[PDB]
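I'd like to ask some things about the structure below.
By letter and in written order, the chains are A, B, C, D, E, F, G, H, I and J; residue numbering begins at 1 in each of them.
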Amino acid sequence: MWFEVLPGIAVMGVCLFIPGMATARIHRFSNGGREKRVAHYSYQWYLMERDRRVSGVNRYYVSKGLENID
Amino acid sequence: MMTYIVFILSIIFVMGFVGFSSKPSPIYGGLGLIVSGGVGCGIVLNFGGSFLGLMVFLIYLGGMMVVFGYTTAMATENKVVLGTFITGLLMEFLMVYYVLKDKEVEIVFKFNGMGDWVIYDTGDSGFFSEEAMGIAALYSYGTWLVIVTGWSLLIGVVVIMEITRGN
Amino acid sequence: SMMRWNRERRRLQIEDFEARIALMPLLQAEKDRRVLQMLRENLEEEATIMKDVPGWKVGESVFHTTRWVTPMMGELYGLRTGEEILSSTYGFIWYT
Amino acid sequence: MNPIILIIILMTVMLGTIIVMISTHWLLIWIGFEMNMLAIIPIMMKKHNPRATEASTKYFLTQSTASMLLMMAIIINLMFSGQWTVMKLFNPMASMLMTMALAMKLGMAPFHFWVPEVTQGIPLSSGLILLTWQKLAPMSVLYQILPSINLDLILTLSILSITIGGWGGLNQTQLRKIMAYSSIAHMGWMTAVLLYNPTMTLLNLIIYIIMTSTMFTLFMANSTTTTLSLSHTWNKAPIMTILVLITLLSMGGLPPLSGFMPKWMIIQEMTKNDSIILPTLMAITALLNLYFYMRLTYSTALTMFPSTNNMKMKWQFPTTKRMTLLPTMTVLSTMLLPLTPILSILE
Amino acid sequence: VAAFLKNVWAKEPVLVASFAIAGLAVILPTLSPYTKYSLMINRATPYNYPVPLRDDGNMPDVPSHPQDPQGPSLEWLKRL
Amino acid sequence: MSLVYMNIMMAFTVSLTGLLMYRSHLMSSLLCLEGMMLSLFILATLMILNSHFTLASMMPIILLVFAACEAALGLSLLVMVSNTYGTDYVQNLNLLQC
Amino acid sequence: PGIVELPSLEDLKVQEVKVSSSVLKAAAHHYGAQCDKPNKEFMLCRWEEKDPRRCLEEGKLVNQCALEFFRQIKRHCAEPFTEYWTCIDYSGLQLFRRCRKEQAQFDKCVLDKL
Amino acid sequence: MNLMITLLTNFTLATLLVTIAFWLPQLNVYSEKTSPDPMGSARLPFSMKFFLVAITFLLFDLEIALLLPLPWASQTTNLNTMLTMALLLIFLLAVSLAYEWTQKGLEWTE
Amino acid sequence: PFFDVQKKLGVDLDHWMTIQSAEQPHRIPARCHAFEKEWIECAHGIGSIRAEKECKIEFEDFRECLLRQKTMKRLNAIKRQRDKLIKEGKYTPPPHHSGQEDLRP
Amino acid sequence: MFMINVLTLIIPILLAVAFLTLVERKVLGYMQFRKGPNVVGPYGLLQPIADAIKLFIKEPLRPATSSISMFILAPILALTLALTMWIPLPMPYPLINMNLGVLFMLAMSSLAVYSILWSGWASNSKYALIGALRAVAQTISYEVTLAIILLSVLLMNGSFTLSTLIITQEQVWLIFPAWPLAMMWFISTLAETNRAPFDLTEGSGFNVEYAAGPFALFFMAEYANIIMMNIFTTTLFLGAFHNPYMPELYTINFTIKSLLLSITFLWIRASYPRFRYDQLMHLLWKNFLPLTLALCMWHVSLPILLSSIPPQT
């Protein structure tokens, strides 16, 4: 009956679900387990570049906390 | 190369203008002007003017060149084209090789030969685009500007309804 | 619902802007030492480069005034490598 | 055209010229020119024949190219000064481009080639608007930017305008093309005294607007387009031939008519500045304009060309037209030379 | 005014809804008690750095610390 | 000055010389005119963004609006000529010589 | 024209604040409350002199008082501060609103101990 | 730079698909044929109606272009001026549409 | 015909977009705010004829702020001398001009 | 790693387009009291594969085009502006996170009528050109109310950022304060993509003069436009719950809402007859546009009278 349309809709749902899950896991993997730093405004970019300079490894996401100061 | 990306898009912009300015037809003229509007929008986008580049795409190529192609496609249906094309391209590439070898050129004013990244600022603007605030100041400051522009558009509607009436 | 939530969002925006404001003097001191660092380095390398050239004044300010002029992108990143120049001159524009 | 819409459109034309006059920003100058052109295009197409569409096409292309050159001159001023004040330009090249754009907007030579066609195509009242009102805006901008104008450029444009507008109108039989070459010559006369004393520029502007206003009001009052149609006025209305006699003799600058006043003050100001040769060649050129005004007066007033039988019927209908201010504009345009030191009110 | 309105709401209801929404949009911010608070919120959002003042000696209404009592605060914002 | 400014000015002069040498079509004249407008937009935008002069960021939008209304007026003129003759040829427009 | 006077690198050596942006952001309100006076003296000197060369001693006082601030945190409440800035650092926009219970823990521990 | 890589990838995939779609069924051989429309051979009639709706779109698109920075303009200090000019622009768009209505502009594209 | 209506009626129609030193949105400075402020405050009220020859130094500084011609000339001279001494082999770049050195803040 | 992200964007787009044809034929089957395709594969799941291989080995229609260049460039521009509309979509984290993603999508969708116009001019049939001009005038007509409805909705957002339009709708769906804008948006996007009950390219079509291959490329560009406008409508009016630690919650939630909305397109195309061309021109210019201007004045004036002006950042 009506539930015969549901395998096609399920395959279409998986083929819409691959991009979102894919880009979320790619952003979380390529930034050390965290979301990609959203830098829309230049203050956020200044802080991002400051992180990239203070990390020592030329990666903005490698955070340095209180262990890096004395 | 990549430091010269605004320069590369500017060269492609001039090549597009020599491409349609030799005028094969209004159809291919519109085609070349569309490609030139896209690459000039890219020139705008590489300085941080994202809203003005999207005004190019949304208004220029979105409304006006669509209406140009719309009128061209229903109201129309060489040697000199190719010759003027290669003439303008030889002028442009002579200028390109001059500024490649000399790092300085004077056509009318004097011009630099460096990459055009050298004309920027090194600071940050906080929590706003500067150009976004400047266009947001159209309503809070530009009272006279909005009045004369809106009145010109209202008279534009009136004028087009007068002269396309035929009677 | 949109009234209450946009008022709460304005209060959170004021919190973020005041966290920014409390951080701005430290970032301003870091920025000042950054630009003076890079100008002093470019001045010393201009001193060790411009020794053959006659009539050259190392550190010749092209302005007639003695006011501190904000340093240009090319006045800081002039001698530096192209990857640094691109990451500083189109970094914010090209960032995703 | 709807009369309410006609009033709104004419007030939009006047608003565009007022915005050119009052504003201190270059973008608002350009906006005033755009509003002026955009609202004046249906004034030319009030009758909707192919000649008006051709005339508005030529007018639109010339004023559009001039407005693009004006915005390019403004933009290069923003390069070399970083600011938008309407004052002298801080670049020679922006000065040359803006002088060429204002020359294309005034119809001065060698950008003059649109003036007789657009004057011929459109009606007489829209031609009056074109030849009087549309000169007010670029002459105001030239009045404001004169500390940057290249002297040799504006004098070359001026003498070439006077020579072409003089050596053109001798052949013509159309009245509107005669007024158009008169326009080209008088704009040469206005821009030649511009860098020496601009009060004489404004004086020539007023006296030219009064004389062209008188002439097109007479041309509307008799509905004449050619020389012969003007010359058949003597049996329809004898006084109109006398009025076009005295006003055409004024527009070439006969003493002691008031059209002699502007160019006499111009030669009076150009010889103060040790230019004896240039107003001499200009006054030598103006005698040709005076000659074909003499030819037109021999056609119209001092002789009587033979009429038809149908004129006897038009004897029995006096003119039901709005001859607005025609005796005032005739009295001002001929009998004003004893009031020559009235020019100081323009200082 | 009650007959013609029912007439036009019978024949052209879309334009009646358009003019009614537009009339509310024009007249209602001059009647609403919150239009004061929109100004008070927008000028209390600190986009720029609060550049401090040189203490000449007589400014009793300018604080010396953020947690000082004097100075304009935002209790109306946290309460509303 | 900057070299991209020279290229945008050369783009403007190229579309100028394309506008000043008519081939056949009036639409080609209007397209050269709007290429002139486009190069004005790019040049003004680069100067206004480069100097950080914030209040002129609303200027290129006003340039775009006014000259696009100018182009709409030009298209209506071209359509009236296309109703008169059939094409948009510039050699049809030789009535006002006499 | 003139020879522009740039201060020496030996006059620019100072111990930097080598922490991240989420670390500075998670301690920003307590920083602006506690490190008020050298920060405001430096920004007052920075607007009035209009010259970063005339502000380097005040910049070093800012850079020293900020390090004293992070020392006075690190002696007492390193664990709740770490728990707070890790949660701030997870987010993309670094929302304060995603991290309210760690904020309550950190502000409670600071208000008790300091 | 991620944007231009993505645009290059999408344009390249589309160009590749178009090349494959025009040149894969040319590998078939089948045959050749003669191959000799409601209107037969008449010239295209120019519709004034289509041009009028295109210019009406262009003018209302320009008025939209003036209306676009309102989400950024609500953040101003000067709210009375901002709100007055915003309602002024939308009312001028409504006057443009009303003049387009009442003086018989929207005819046979109603 | 510069009919100064804005000074007569007192309205401020377009003096606000005119110069870079004017009241900008949220106090955003232009990149040449100081130079244009000094040139405007030099040339105020002295007229254009005395301004083109007495305030020439401020306007030279300001035009060099706008177009940066002398600075690009100086950078081209220094960078061409550096490229020449690299190509001759007579010079080496320092660690802080090659990227192996951990940038400061 | 980023090229992996672009490929995992634009391969499942094309697969979702491929199975949207199966979902269309099945859902329009059971709404017409019949079955859709169920013989080609198990439950019909091999129908679009068989149909695509049918199209790509069909003999080319081989026309003498007026322009070869526009005839090649129309499917290229159609597919490019079908695939580059997905890149700013916050689902939950966008591929190209940009500040002006809304205005980007409006601009790139307003550019896509050149494919219709070029594909219509490149045919030699004057009647095909006339049908293409009618489709172009339809789409550029409804672009107006797309832009104004979009502006009036984003007055509640605070900026053009698409990712902020999730954070805007944590408390309530945005269809509750803006359901008239939502329903005029819905019918205006139904009329954008030449979708029934507006599809006047069935009656000549603009792309009927192409071969079967390039017609299939137009077809998959149009269905990518359909799925994209439904996902943009879902993001913009039904923005779902977003836990930043588990993004798959938002991904499943907008996926279910977007599939219900695309099936609502399929359920509207099988329920109403076609508008005549003057009827949908009337529907826009005299019915949807006055209400859109009125609601634009209302959504300008409403945050000022509620003191609810949203944050820019």
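Please note the rule applied: contacts are C-beta pairs under 8 Å (C-beta built on N, C-alpha and C of every residue); 3 or more make two chains touch, one makes a residue touch a chain.
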(message) Counting hops between chains that touch, how far apart are chain B and chain C?
(response) 1
(message) Just to be sure I understand: the centre of a chain is the mean of its C-alpha atoms, right? Then which chain's centre is nearest the mean of all of them?
(response) B
(request) Could you give the separation in Å between the centres of chain D and chain I, each centre being the mean of its C-alpha atoms? (result) 43
(request) Would you mind pulling out the distance in Å between where the CA atoms of chain H average out and where those of chain I do? (result) 42
(message) Averaging over Cα atoms per chain, report the distance between chain C and chain D in Å.
(response) 57
(request) Note the residues in chain B that touch 2 or more other chains, in rising order. (result) 47-48, 51, 55, 58-59, 62-64, 66-67, 70-71, 74-75, 77, 108-110, 112-114, 118-121, 123, 125-130, 132-138, 140-142, 144-145, 149, 151-153, 156, 158-160, 163-164, 166
(message) Give me the residue numbers in chain H that touch at least two other chains, ranges are fine.
(response) 2-3, 44, 46-48, 50-51, 54-59, 61-62, 65-66, 68, 70, 72, 75-77, 79, 83, 86-87, 91, 94, 100, 103
(request) Going through chain G residue by residue, note those that touch at least 2 other chains and give them in order. (result) 16-17, 24-25, 32-33, 40, 43, 50, 90-92
(request) Would you mind writing out the residues of chain C in touch with chain E in their complex? (result) 7, 10-11, 13-14, 17-18, 21, 24
(message) Going by the contact rule set out above, which residues of chain F touch chain H in the complex?
(response) 61, 64-65, 68-69, 72, 75-76, 79, 82-83
(request) Could you please specify the touching residues of chain B with respect to chain F in the complex? (result) 6-7, 10-11, 13-14, 17-18, 20-23, 25-26, 29-30, 33, 36-37, 40, 43-44, 47-49, 52, 55-56, 59-60, 63-65, 67-68, 71-72, 75-76, 80, 88, 92, 95, 99, 105, 107-114, 116, 119-121, 130-135, 137-138, 141-142, 145, 149, 152-153, 156, 159-160, 163-164, 166
(message) Can you tell me which positions in chain F touch chain B when the two form their complex?
(response) 1-11, 14-15, 17-18, 23, 25, 27-28, 30-32, 34-35, 38-39, 41-42, 45-46, 48-50, 52, 54-58, 60-62, 64-66, 68-69, 71-73, 75-80, 82-83, 87-88
(message) Give the list of chain I residues in touch with chain B in this complex.
(response) 13-14, 16-17, 25-26, 28, 31, 68-69, 72, 75-76, 80
